[PDB]
Amino acid sequence: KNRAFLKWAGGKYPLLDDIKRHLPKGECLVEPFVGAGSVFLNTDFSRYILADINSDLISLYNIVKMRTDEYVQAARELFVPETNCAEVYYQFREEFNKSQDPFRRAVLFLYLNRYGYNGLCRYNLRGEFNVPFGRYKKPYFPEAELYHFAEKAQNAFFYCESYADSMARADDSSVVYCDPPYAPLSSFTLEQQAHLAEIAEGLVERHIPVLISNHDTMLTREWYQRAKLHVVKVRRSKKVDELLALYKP
DNA sequence: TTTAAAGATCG
DNA sequence: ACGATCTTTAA
Ligand SMILES: Nc1ncnc2c1ncn2[C@@H]1O[C@H](CSCC[C@H](N)C(=O)O)[C@@H](O)[C@H]1O
């Protein structure tokens, strides 16, 4: 199982085996919520359509793809012992929020992801990254993970857009996998959760397969009722299980 | 300016 | 999911 170079929510590494089992074969893979791209990095499709609402995330991916060697040499210089302290971290975080250069922002973004608190990605209403210092012993520089991403990305297109627009890029030879933000166990609204299901039912009706992963709750059962859903027992957090909704035509 | 409740901030 | 301290919202 290949590892992503970013710390990110929805790593789904223990679920990668289960996703691949229920993921239909196809020419292209559409991923509306790509995030760290663990599925993209652990599958074998000829083409990829990868999208996310996070503009920093998509901008980083393009730069890693198009300017690989340049980016790696610049980002590696930030992973040295003297950058592992609060004062330097908050200046880098400020430099990121004031930078207008996509390349420089992409470099700092990896630093903030690996040195930041719990690898979180948080913004205020001004679009300013405000995650505090993480205080780790020795943050890992994912050089191998970076180069592997860049190679894999040669057959991929990245778009910063909502799920509705990205899924509309799907043709007959494409498969769609969806990993939306988790459903409430007790932001991404409930309407969007149900909307995603509606669009999914549209694609199948049109001969495009769709696979959706989420928690196993009462709401997810109802949203994904028109799909041959399967369950997997991760069983921890009450104990909650993961639901895999498959819209096979 | 008053005001009570809600939302936003960021370590 | 935390919390002291900001800003916001409406009459
Ligand atoms: N409305 C939207 N349209 C497209 N992408 C979205 C979106 N809302 C959130 N996303 C992206 O989708 C990704 C989901 S990763 C979330 C995985 C898992 N469900 C969890 O909640 O932990 C995030 O990186 C986020 O940037």
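Order of the sequence lines fixes the chain letters, A, B, ..., with proteins taken first and strands second; residue numbering starts at 1 for each chain.
- Judged by a 6.0 Å distance limit and a 45° cone about the ring axis, A/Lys152 is positioned over the six-membered ring of A/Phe40.
- Using a 4.0 Å heavy-atom cutoff across all strands shown, A/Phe129 reaches no nucleic acid atom at all.
- The interatomic distance linking A/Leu125 (CG) with C/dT9 (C1') rounds to 14 Å, in whole Å.
- A search for ring pair (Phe, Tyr, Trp, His ring centres under 6.0 Å) contacts involving A/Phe129 returns nothing, not counting sequence neighbours.
- A salt bridge links A/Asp216 with A/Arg221: the distance from a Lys NZ or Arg NE/NH1/NH2 to an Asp or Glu carboxylate oxygen falls below 4.0 Å.
- Here the options are A/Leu203, A/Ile49, A/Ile199, A/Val204, the test is side-chain contact (heavy atoms from CB on, under 4.5 Å), and the partner is A/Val176; only A/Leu203 passes.
- Atom CG of A/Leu120 and atom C1' of C/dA1 are 12 Å apart (whole Å).
- Of the candidates B/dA8, B/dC10, B/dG11, B/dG11 carries the atom nearest the A/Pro132 side chain, counting heavy atoms from C-beta on.
- A salt bridge is defined here as a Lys NZ or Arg NE, NH1 or NH2 lying under 4.0 Å from an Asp or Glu carboxylate O, and A/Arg122 with A/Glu128 fails to meet this definition.
- At a threshold of 4.5 Å between non-hydrogen side-chain atoms, the residues A/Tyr247 and A/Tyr224 count as touching.
- We find that OH of A/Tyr117 is positioned 14 Å from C1' of C/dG3, with the value rounded to whole Å.
- Spacing between atom CZ of A/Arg126 and atom P of C/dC6 amounts to 14 Å, rounded to whole angstrom units.
- A/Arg122 places its CZ atom 8 Å from the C1' atom of B/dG11, with the value rounded to the nearest Å.
- Residue A/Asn118 contributes atom CG, which lies 15 Å from atom P of C/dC2 at whole-angstrom precision.
- When distances are taken from the side chain of A/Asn130 to each of B/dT9, B/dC10, B/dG11, the shortest belongs to B/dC10.
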**Q.** Per-nucleotide pairing state of DNA chain B [Watson-Crick or G-U, under 3.5 Å; [ ] pseudoknot-crossing; | other strand]
**A.** .||..||||||
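- Within the structure, a side-chain polar atom (N or O) of A/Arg93 is placed less than 4.0 Å from OP1 or OP2 of B/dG11.
- Counting heavy atoms from C-beta on, the side chains of A/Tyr163 and A/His195 come closer than 4.5 Å.
- At the phosphate of B/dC10, OP1 or OP2 sits under 4.0 Å from a side-chain N or O atom of A/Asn124.
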